[PDB]
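What follows is a single structure, written as C-alpha cells, with notes after it.
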Amino acid sequence: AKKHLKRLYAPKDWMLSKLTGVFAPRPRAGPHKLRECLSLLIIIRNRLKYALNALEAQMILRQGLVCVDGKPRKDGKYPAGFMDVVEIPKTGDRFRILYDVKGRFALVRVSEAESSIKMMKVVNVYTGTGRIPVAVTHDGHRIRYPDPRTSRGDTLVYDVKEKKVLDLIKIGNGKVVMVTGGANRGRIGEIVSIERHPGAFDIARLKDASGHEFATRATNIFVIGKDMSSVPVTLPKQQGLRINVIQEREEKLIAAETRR
Amino acid sequence: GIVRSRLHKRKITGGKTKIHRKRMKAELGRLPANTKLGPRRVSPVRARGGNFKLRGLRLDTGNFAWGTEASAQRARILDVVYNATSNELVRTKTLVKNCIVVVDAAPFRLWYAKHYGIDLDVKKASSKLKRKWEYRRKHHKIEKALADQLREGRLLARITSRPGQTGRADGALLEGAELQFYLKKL
Amino acid sequence: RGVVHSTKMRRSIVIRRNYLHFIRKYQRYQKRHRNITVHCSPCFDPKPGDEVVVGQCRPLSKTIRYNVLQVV
RNA sequence: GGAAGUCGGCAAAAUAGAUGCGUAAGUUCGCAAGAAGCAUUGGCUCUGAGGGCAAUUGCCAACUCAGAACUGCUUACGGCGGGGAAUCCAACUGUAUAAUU
RNA sequence: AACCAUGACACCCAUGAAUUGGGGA
RNA sequence: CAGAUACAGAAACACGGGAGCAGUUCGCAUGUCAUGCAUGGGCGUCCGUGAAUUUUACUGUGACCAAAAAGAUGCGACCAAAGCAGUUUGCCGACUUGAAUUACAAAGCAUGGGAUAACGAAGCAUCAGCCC
RNA sequence: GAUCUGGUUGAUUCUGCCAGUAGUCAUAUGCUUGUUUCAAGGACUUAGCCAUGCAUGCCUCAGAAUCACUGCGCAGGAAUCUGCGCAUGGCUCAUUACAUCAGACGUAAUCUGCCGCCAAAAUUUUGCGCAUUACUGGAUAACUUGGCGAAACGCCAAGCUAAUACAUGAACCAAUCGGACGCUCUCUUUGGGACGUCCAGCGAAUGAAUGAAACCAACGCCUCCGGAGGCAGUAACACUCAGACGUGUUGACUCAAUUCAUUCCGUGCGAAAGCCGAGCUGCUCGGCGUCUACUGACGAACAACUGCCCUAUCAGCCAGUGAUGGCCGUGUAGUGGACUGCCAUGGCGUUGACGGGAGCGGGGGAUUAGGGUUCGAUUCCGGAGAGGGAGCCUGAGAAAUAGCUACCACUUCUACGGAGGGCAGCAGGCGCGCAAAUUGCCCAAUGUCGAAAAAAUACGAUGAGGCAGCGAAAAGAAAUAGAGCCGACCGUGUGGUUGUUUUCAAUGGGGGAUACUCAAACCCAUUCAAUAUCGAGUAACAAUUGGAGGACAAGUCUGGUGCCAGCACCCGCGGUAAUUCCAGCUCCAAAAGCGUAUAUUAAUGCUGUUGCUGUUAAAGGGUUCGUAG
Ligand SMILES: [K+]
Ligand SMILES: [K+]
Ligand SMILES: [K+]
Ligand SMILES: [K+]
Ligand SMILES: [K+]
Ligand SMILES: [K+]
Ligand SMILES: [K+]
Ligand SMILES: [Mg+2]
Ligand SMILES: [Mg+2]
Ligand SMILES: [Mg+2]
Ligand SMILES: [Mg+2]
Ligand SMILES: [Mg+2]
Ligand SMILES: [Mg+2]
Ligand SMILES: [Mg+2]
Ligand SMILES: [Mg+2]
Ligand SMILES: [Mg+2]
Ligand SMILES: [Mg+2]
Ligand SMILES: [Mg+2]
Ligand SMILES: [Mg+2]
Ligand SMILES: [Mg+2]
Ligand SMILES: [Mg+2]
Ligand SMILES: [Mg+2]
Ligand SMILES: [Mg+2]
Ligand SMILES: [Mg+2]
Ligand SMILES: [Mg+2]
Ligand SMILES: [Mg+2]
Ligand SMILES: [Mg+2]
Ligand SMILES: [Mg+2]
Ligand SMILES: [Mg+2]
Ligand SMILES: [Mg+2]
Ligand code: NA
Ligand code: NA
Ligand code: NA
Ligand code: NA
Ligand code: NA
Ligand code: NA
Ligand code: NA
Ligand code: NA
Ligand code: NA
Ligand code: NA
Ligand code: NA
Ligand code: NA
Ligand code: NA
Ligand code: NA
Ligand code: NA
Ligand code: NA
C-alpha cells in the first residue's frame, strides 16, 4: 500500500541523477513488474528529450498522443516492459523496447509492418468455465483459443492492431533465445541443452554465436525463433554479442583518437 | 479484543516472551455461534475483504444425500443424537460438523417407490416406466440395515457442513460398516 | 536430512542435525546442533539412530513443520 | 468513637469445618507450620470415572470424587484455632505444698 | 618451602668413568 | 565382426495423449449424404515399470545477488573535494557514453579424489557357479 | 611507514607499568579570524511540559444548479449532495535476544480497491384494454420560516426540489446441450418417432462420477417380398452436426474443469431506466461511466534454514489456569495448542537452557603491513510509537491519534448549568543540562492525491519537497605582496645575502551595472568602455595560538622573586648567579588557525589464531583415577 518511490530505491537503468530531486514516479500496477520496466514519463522526458519538466509530459500524455499497444495511454506511470511497441503518430517514429547487450533497456526504431507484431511468452495454461483453454502471457494478456500444442515455455507471435495469433514457436535445442534476467540479460545464443532438477530451477546451457558458452536459469530465456535469420522482429546493434573488457577499452581509446 | 497471535504463549524452552508492539487487527478472533435447533435465524458477519458469513442460529432442515443411489432430498431434522467433542453439546441441541442426527425419511420413501416401484401412486404408471423398474430392479439390491430404517420412518444421518460458517445443515446417510459403528455405539 | 533422536510421541519423532561452524578469527571450527520435530506416518518405522529425509509442509502443530519420506 | 478504662486488655468480643493455592526469619535439618494470607461452599436437573458373575451379550452391588446448565440468599441449628515482632528463665515429656503458692 | 619452587604423552640429540636389577657370550 | 573380461550414471520391459505428418542411419489409390479441401534397418527422443542404484568438508569454473558508500574504466566541471556527462574550427545536425567489480556464514548445478569425517563389519554372523 | 622515546641503580643487564606521540563527518570549552566552494546542526539529559499560526483535499467537452449571485437566452459559477483519497509522506528510538533484522527460501494454507488483458444469451416488463413495447417511484440536502443555548467543530421543528444517493423492473427478436414424466398419438414386434408438461445462466453449499498410460445371448456388417450366411472392413453417437474435444495443469494435487441430484430468499449478479460530441419526432457514428464473474501485476499477512554483545557471587526450565504431541470440533481470509472437550506423557538444557545487564536491525563509518579493535539515535531498507495503558466503527486495507469511548497524571474558558486540550510534523517558548539555528519565501523542480493536460468570458491543494537567514562540526581551493635602482653593510672569495631612497608595473579585499541568475531575492561567473565607466606604499587593507633543561625543534641573553609566589601531563625547577616561575628581546613549530578536557583507535608481541609469559621477576593443581570435549 505504498505510494512513493525514493530516488535511491529506483532501478538503476532509469539513470536518474541522485542530485536531482528526492522522489521518482512509482509505476502503477499493470502488464509488467515494477523492477523489470520503465514508465512512460521516463521515456518521454529522459530517453527522448521531447519534454523538459514533468508537467510537459502531462501536456503530451493527457491528449493521447502516445500509444503503447495500439491504444493511446494517458497515464504517465504506465508500466512498459520488454517487447513493447511505442509509436507517436504525430512525430511518425516507432520504437520497440528490447534489452541491449549490457542488460539495459534499448529502444530500436522499427518499420510500419513490424510495429503491428509483438512476441509473447506463455507462463500458464488453464481451463475456463465451460471448456475454454486460455493461456497467460508475460505481459499479462490472455489468449482465448491458442494452438492446442502451446505449453509453458513456448512463445507466441501476436498481431496487436487486430487481435489474433500468427504462429507458435515451441522450445527445443535448435532454437535461438535471448536472456531476459540474471546479469546475462541481452545475449543471444542457441540452446545447447536444458537440465531438469525437478522441484527446483531448471538450468539451460546456451552457446553464443562467437562460440562462447554461458548458462542461466530456464526462467530467463525468451525464445525468439528457430534460427537467427528467421526473426520476426528487429534486433539491436550488437546482436547480443559481448566481448572482452580490455578489448572494449582499447577500441574506445583508438576510436576517439582517429575521430580527433 | 480476542487475538490469535503467538505472542502470549510460552517458548518451547519454557521461557516467557517479552511483548513489544500493541495488538493488531489482522489476527482478531470472534465469539462462536453455538447453533441450536429450531426455527431459522441468521446474522450477517462482515468478514475480511468485503464478504459475509452466515452465522447460523437454530437451523431447522437441510439437504441430505444418498451416496449409494447418488441422490439427495430435502428433509427435516428431528433431534441430535450424538456428538464426539462432548456430551454437553448433545444436551443443548447444538449443531456442528459430524454430528449424528435423525431425519424423517418420508421423502426418501417417496423417491424409492418412484425410482424402483417398491413401496414400504404406484399402480398409476405408464407402461414404459412399468418396464423400466424391472431393469433397475435386476441389477440393484438393497441392504436390510436400511430397508428396516425406511419401514420405521426414521433414518440416521451425519452433518457435513459448518453451520456457524455457511449457515446451512447438509449431510449424508450412514451406510455400511460406518452405520454399524454408530448402531452399536447407541 | 538428520538422525532420529527420540520416538516417544505418537506419529511424531525428533531428529538431530549436527554441523560445524567456522569462526573467522581463529581459523577453526566447532560442533553445533539443532533439534527439529517432525511427523512420521505409520508406513515407516524408524528406530533411534537411523537417518531420515524430511520435506517441508504447512504448519501441522505448534512446532511440527516437516514430514518424513524415505527412512533409511 | 475504639483501650482514652485499669497496677495490668481482667472480663467480654474475636478466630473457627472442609477443599484448591500459598507460606518468612531461625534451626540440633527433625522442625518452625494450621506460620502468615487468598478463593470456594445453598437448591434443582444432568454427565463422566472408579467393579463382580455367568455364557461380545445379559444380570447385579458400594457411595466417593470431578464437571455443566438453571435458579436463590435476610450470609441464617449444633460443633469448631485469634494472629504477629521481641526480652528474661527452665533444654524437652513428667512430678509437686489434699484445704490460699 | 605437599619443592626439582620445573604439568602429562611422543621424537632427535657429543663424550668418559661409576652404580642398582634382569639377560647373552 | 560378434562374444568375454572389466566398466557403465546404466541395463531389460513397455507408452501412438511419445520425436509442430511416429526423428536420424543403412501421386495413382482409400473415402465421398463430407471444407473428405484428408490422409496419399542400428542409434539417438519421450514417458512410465522392474534389476541396479553413496553421502559430506576442501578446491576450479559458471549460475543468484537495490542503491548510496568502497575500489576503480572514460571525459582539464579553470584545478580539487565533486558529477555522469559531454565533443564538433559549424547549423534545422553527427558521435554518443554512462564499463567492469566485491559479498561473514549458509544456500544451488555441475570437475577431480590427494589430506580429511559420516555410515557398515568383528568375519563359522559365510556357504549358493554359468549355459543348454 | 611493518619506527619508537623519558622515570627503579654508585654504575650494569632485565621484567614491568606510569608518562610522552598521531588520528577521530567526536563532543564540549578558550584565544584568534580577509575571500570563495561544499556542508552537519535539542539523539546523549527529561519518549520532560507546551502560548499562537500552518501542515490533505480534489471539477473535466463529458453525477446533480430557478443562489432574491455576476457578466451581455448564453456564459462564469458561491453552497451542498454524490464518487475517490486522507492506512502515503514527515518525526523519534521508549520498548525489544527462537523478538526484530540480514542472506536464502515458501503460501498445494490465504485475502487483495485503484491498474493491465478479458468475459456476459437466467429474469413475462411498460402503456391500451386483447392488439403494442423502457418517457419507473418515493424521499433527502443545499435554501427560508421560526428558533434554543454564555460559550462550544453545539442543536431543534416546519415548508420546497435533484441523482452516477436509494428502490423497483424490462417480454421483444435472440442460439447449443441434457434429465423426469404422460398409463396422451403413430409404426413394427424405452421398439422407434412426434406431441404435451416440469427443470436445465455466472457464483455458493452438500453428496456421486471423470480428472490414465504404461462357446453362447444381444447388438454392427457382408453376402446371396421374405429367408438364410458368418466375419473383409469398421474412432464413436438411432437422422437435422457421416471429427461440434476419446487428450487441463503441475516436480506433485481432495486443485482447474465437465455431467447429475437436492438447494441459495438477502447475507450476491445492469442494458446505471446515464453523461457528452457529432452526423443527419426518427435514425447512424464516436469519446466516456458503472454492477457481477475470472487471473496477472502493486501489495498484505503468516511459516520460518543459517548468523548476531557481557554475565555461573544465574543450573535446572515447562503442566491447576497449555507445557510437548494425538482425535473429531470451533474461530480466522487461511494453517496452527490460536481456542473448547477428551487422550497420552512429553518438550528444552554445560554445544550454556532459565534468569540478569547494556542495547532498535542492517546497508555502513574510524583506525589500518596482515590478522584485528571499535562505533552505527541519524538521510536508503525493515520494525515500532504518538503523555501513560485498553477497546472499537468505517473502509479492499487501521485495532488509525491533526478518528471515536472510558479510566490515571497534569491542564484552559465559564454566566458555576457546562464545554474542551495531546508539537517524538513545521517554525517557537520553559526546564534540563558541558552541550545544539528563523515564530522566513515558494509550489519553479522532484513526487502523491484527485472528478484534474495547458489556454482563455475561467490560476487545484501540498512546512512532503525546494530556496535563502544563523553556523570555524567537518571537508575542498586559496590573499597578507613581485621586480629592480643608490649608500651602508654581513659573512665568504666576488659571487645569494642582510637596510636607505626610490620608481614601476600588476592584482584582488572594498563599489557599481547594459546586466546575468532567480518562481522572486541572494551568492557565484562576467566588466571598469564597445563614442562613452572607481580605487594600497610607514600596502594603519598591520596573523595568531602555543613553546625554547630532557623526551622534542628552539637562548649557557637581561631584569624581579627568594622552598614564597608559581611552573611541572612524567623526570623535576624555586632556600640570593633560577638554562624551567613573572616579564623584555631573539628564536622554533604550523598557520586561519591553534591550545585545553573527556571518550576511543594505532602505538601494545601490555590479551598473543598469525603471535606472549609461568626454575629465581606475577603465574604448573599435593598425587592418582575419570566423563563430556
Ligand atoms: K511464629
Ligand atoms: K633395582
Ligand atoms: K491508537
Ligand atoms: K518542533
Ligand atoms: K590581513
Ligand atoms: K622565558
Ligand atoms: K608479557
Ligand atoms: Mg440437512
Ligand atoms: Mg487513667
Ligand atoms: Mg481473657
Ligand atoms: Mg525458609
Ligand atoms: Mg490456614
Ligand atoms: Mg520445665
Ligand atoms: Mg494448696
Ligand atoms: Mg558510488
Ligand atoms: Mg628495584
Ligand atoms: Mg530529548
Ligand atoms: Mg489505466
Ligand atoms: Mg440477458
Ligand atoms: Mg432473459
Ligand atoms: Mg533504549
Ligand atoms: Mg537513546
Ligand atoms: Mg525509516
Ligand atoms: Mg500532533
Ligand atoms: Mg555547539
Ligand atoms: Mg598532555
Ligand atoms: Mg639550575
Ligand atoms: Mg588501543
Ligand atoms: Mg608438581
Ligand atoms: Mg587440593
Ligand atoms: Na505429653
Ligand atoms: Na625443596
Ligand atoms: Na606450587
Ligand atoms: Na582524458
Ligand atoms: Na571545476
Ligand atoms: Na573523481
Ligand atoms: Na466546464
Ligand atoms: Na451538471
Ligand atoms: Na534529528
Ligand atoms: Na501506529
Ligand atoms: Na511530549
Ligand atoms: Na490520549
Ligand atoms: Na509541486
Ligand atoms: Na531542501
Ligand atoms: Na604491532
Ligand atoms: Na614467583
Side-chain angles (χ1 to χ4, degrees), chain A residues 1-4 6 8-9 11-12 15 18-23 25 28-31 33-34 53-54 58-59 62-63 125-129 131 133 136 140-142 149 170 182 195 197-200 203 215-217 245 248-249 252 259, chain B residues 1 4-6 10-15 17-18 20-21 23-26 29-30 32 42 44 47-50 52 54 63 65 67 70-74 84-88 91 96-98 124-128 132 160-161 164 166 168 170-172, chain C residues 8-12 22 24-28 30-33 56 58-62 65:
Chain A
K2 309 67 183 150
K3 283 171 200 185
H4 290 55
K6 288 285 211 326
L8 267 56
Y9 200 31
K12 199 52 152 139
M15 320 213 162
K18 81 175 152 86
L19 275 239
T20 288
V22 190
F23 311 82
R28 208 169 300 285
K33 311 219 181 48
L34 198 184
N53 309 335
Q58 242 176 12
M59 314 201 342
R62 288 315 282 283
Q63 332 211 8
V125 168
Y126 62 92
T127 17
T129 159
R131 273 174 89 172
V136 201
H141 291 31
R142 280 182 274 175
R149 303 212 222 77
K170 288 193 86 18
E195 284 161 39
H197 311 150
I203 300 278
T216 191
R217 258 174 202 190
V245 194
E248 247 302 326
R249 189 197 177 246
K252 167 194 222 86
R259 186 268 177 249
Chain B
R4 280 157 54 250
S5 64
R6 230 186 283 260
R10 271 193 198 285
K11 291 173 247 208
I12 65 148
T13 79
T17 304
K18 295 222 219 332
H20 55 154
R21 104 164 188 231
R23 304 175 113 124
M24 284 198 347
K25 186 173 167 348
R30 277 178 205 121
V42 305
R48 162 146 266 226
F52 289 88
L54 263 220
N63 352 43
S71 89
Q73 249 211 305
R74 207 146 206 234
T85 307
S86 178
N87 265 346
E88 202 266 359
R91 249 177 36 200
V96 283
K97 178 169 184 167
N98 215 50
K124 144 69 206 75
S126 63
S127 275
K128 29 167 288 314
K132 185 171 318 174
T160 80
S161 177
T166 64
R168 289 117 177 283
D170 321 62
Chain C
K8 306 283 236 350
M9 277 143 160
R10 163 162 198 71
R11 274 118 174 261
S12 209
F22 176 90
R24 199 154 154 262
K25 189 190 197 186
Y26 300 106
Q27 315 273 357
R28 285 145 170 109
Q30 57 165 237
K31 292 180 183 193
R32 295 201 162 172
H33 79 135
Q56 220 173 359
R58 63 160 208 273
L60 283 141
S61 289
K62 186 178 194 268
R65 307 294 137 96

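Below, all heavy atoms of this structure are taken into account, side chains as well, without hydrogens, waters or symmetry copies. Every chain is numbered from 1, with letters handed out A, B, ... down the list of sequences.
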Pair present between [N] and [M], Watson-Crick or G-U, 3.5 Å cut-off:
N: G:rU133; M: G:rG421; result: no
N: G:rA548; M: G:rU586; result: yes
N: G:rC354; M: G:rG626; result: no
N: G:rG34; M: G:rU66; result: no
N: G:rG463; M: G:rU531; result: no
N: G:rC148; M: G:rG154; result: yes
N: G:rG334; M: G:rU615; result: no

Looking across every strand, which nucleic acid part, if any, lies under 4.0 Å from [X] by heavy atom: base, sugar-phosphate, or nothing?
X: A:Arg249; value: sugar-phosphate
X: B:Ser5; value: sugar-phosphate
X: A:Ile203; value: sugar-phosphate
X: A:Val245; value: base
X: C:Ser61; value: sugar-phosphate
X: A:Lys6; value: sugar-phosphate
X: A:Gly21; value: sugar-phosphate

- Query: Hey, mind stepping through C:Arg58 and C:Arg65 against side-chain contact (heavy atoms from CB on, under 4.5 Å) and telling me if it holds?
  - Reply: CA-CA 6 Å; C:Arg58 63 160 208 273; C:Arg65 307 294 137 96; over 6 Å; no
- Task: Go along nucleotides 247-262 of chain G 5' to 3' and tag each nucleotide: B for a protein heavy atom under 4.0 Å from its base, S when only backbone or sugar atoms are that close, - otherwise.
- Result: S-SSB----BSS--BB
Distance below 4.0 Å between [X] side-chain N/O and [N] OP1 or OP2:
X: C:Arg58; N: G:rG106; answer: no
X: B:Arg30; N: G:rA333; answer: yes
X: C:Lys62; N: G:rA338; answer: no
X: A:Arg28; N: G:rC449; answer: yes
X: B:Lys18; N: G:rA99; answer: no
X: B:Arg6; N: G:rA338; answer: yes
X: A:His141; N: G:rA297; answer: no
X: B:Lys124; N: G:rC181; answer: no
X: A:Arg259; N: F:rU88; answer: no
X: B:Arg10; N: G:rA319; answer: yes

Based on whether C1'-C2'-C3'-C4' is positive or negative, which pucker family does [N] belong to?
N: G:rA458; answer: south
N: G:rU123; answer: south
N: G:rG1; answer: south
N: G:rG605; answer: south
N: G:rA134; answer: south

Which pairs, protein N/O on one side and nucleotides 366-375 of chain G N/O on the other, fall under 3.5 Å?
unit_1  : atom_1 : unit_2  : atom_2 : d
G:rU373 : OP1    : C:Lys25 : NZ     : 3.2

Name all residues meeting the salt bridge (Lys or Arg N to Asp or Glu O under 4.0 Å) criterion together with [X]; count only those two or more places apart in sequence or in a different chain, and write none if there are none.
X: B:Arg168; result: none
X: A:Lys6; result: none
X: A:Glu195; result: A:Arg205

Check nucleotides 396-401 of chain G for protein N or O atoms closer than 3.5 Å to its own N or O atoms and list the pairs.
unit_1  : atom_1 : unit_2  : atom_2 : d
G:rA396 : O3'    : B:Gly49 : N      : 3.4
G:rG397 : OP1    : B:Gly49 : N      : 2.7
G:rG397 : OP2    : B:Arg46 : NH2    : 3.0
G:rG397 : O3'    : B:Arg48 : NH2    : 2.9
G:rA398 : OP1    : B:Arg48 : NH2    : 2.5

Ignoring hydrogens and angles, does a donor from either the side chain of [X] or the base of [N] sit under 3.5 Å from an acceptor on the other?
X: C:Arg10; N: G:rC343; result: no
X: C:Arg11; N: G:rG325; result: no
X: A:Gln63; N: G:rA453; result: yes

- Task: Please step through side-chain contact (heavy atoms from CB on, under 4.5 Å) for the pair B:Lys11 and B:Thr17, ending with a clear verdict.
- Result: CA-CA 7 Å; B:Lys11 291 173 247 208; B:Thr17 304; 4.0 Å; yes
- Task: For residues B:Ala172 and B:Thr160, report the shortest heavy-atom separation together with the two atoms involved.
- Result: N-CG2, 4.2 Å
- Item | Contacts of C:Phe22 that satisfy ring pair (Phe, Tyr, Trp, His ring centres under 6.0 Å) - sequence neighbours left out | C:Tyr29
- Message: Both distances below 3.5 Å, Watson-Crick or wobble geometry, any strand: find the nucleotide opposite G:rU258.
- Response: G:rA209
So which protein N/O to nucleotides 345-347 of chain G N/O distances come out below 3.5 Å?
unit_1  : atom_1 : unit_2 : atom_2 : d
G:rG347 : OP1    : C:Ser6 : OG     : 3.1

List for me each residue that meets side-chain hydrogen bond (donor to acceptor under 3.5 Å, both in side chains) alongside [X], sequence neighbours excluded, and say none if there are none.
X: B:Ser71; value: none
X: C:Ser61; value: none
X: A:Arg149; value: A:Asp147

- Atom CG of C:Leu60 and atom P of G:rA304 are separated, to the nearest Å, by 12 Å
- I would like to know whether B:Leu54 and B:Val42 meet side-chain contact (heavy atoms from CB on, under 4.5 Å); could you show each step before the answer? CA-CA 6 Å; B:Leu54 263 220; B:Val42 305; 4.2 Å; yes
- Task: Evaluate the base stacking between F:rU59 and its strand neighbour F:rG60 against centres under 5.5 Å and planes under 30°, returning yes or no.
- Result: no
- Task: Report whether the bases of the adjacent nucleotides F:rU126 and F:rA125 stack, using ring-centre distance under 5.5 Å and plane angle under 30°.
- Result: no
- Mind checking the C1' distance from G:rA424 to G:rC392? Whole angstroms is fine. 26 Å
- Query: Roughly how far apart are B:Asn63 CG and B:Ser161 OG, rounded to 0.5 Å?
  - Reply: 9.0 Å
- Test item: A:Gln63 side-chain N/O and A:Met59 main-chain N/O as donor-acceptor pair under 3.5 Å: yes
Grab the N/O contacts between the protein and nucleotides 81-83 of chain F below 3.5 Å, and write none if there aren't any.
unit_1 : atom_1 : unit_2  : atom_2 : d
F:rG83 : OP1    : A:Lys18 : NZ     : 2.4

